[PDB]
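One structure is given below, encoded as structure tokens.
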Amino acid sequence: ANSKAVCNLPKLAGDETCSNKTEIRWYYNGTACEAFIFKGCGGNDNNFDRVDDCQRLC
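Take the sequence shown: its letter number 22 is residue 22 in PDB author numbering, and every next letter is one higher.
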């Protein structure tokens with residue numbers, strides 16, 4: 001595996017039609033950890049629930 005590689009996965013906000021609560025998450029864009037509205041389902045690993053977790057990995 002390779003946990004650092006998750007840092008270049010594309011931002012994926014998830015499926016709007018799910019019944020999950022939406023939530024702030026963070027993703028790495030190559031120069032910064034950027035906040036986005038995660039739809040609470042789907043997505044990929046470039047998805048952090050704290051800016052600190054994004055910064056400590058990417």
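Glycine included, each C-beta is placed from N, C-alpha and C at the ideal position.
In or out: residue i buried (at least 16 other Cβ within 10 Å) or exposed?
| i | result |
| --- | --- |
| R50 | exposed |
| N2 | exposed |
| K4 | exposed |
May I have the straight-line CA-CA distance separating residue i from residue j, to the nearest angstrom?
| i | j | result |
| --- | --- | --- |
| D52 | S19 | 28 Å |
| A35 | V6 | 16 Å |
| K21 | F38 | 9 Å |
| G40 | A13 | 8 Å |
| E16 | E23 | 12 Å |
| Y28 | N44 | 12 Å |
| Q55 | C33 | 7 Å |
Can you check DSSP and say which residues form a bridge with residue i?
| i | result |
| --- | --- |
| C33 | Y28 |
| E23 | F38 |
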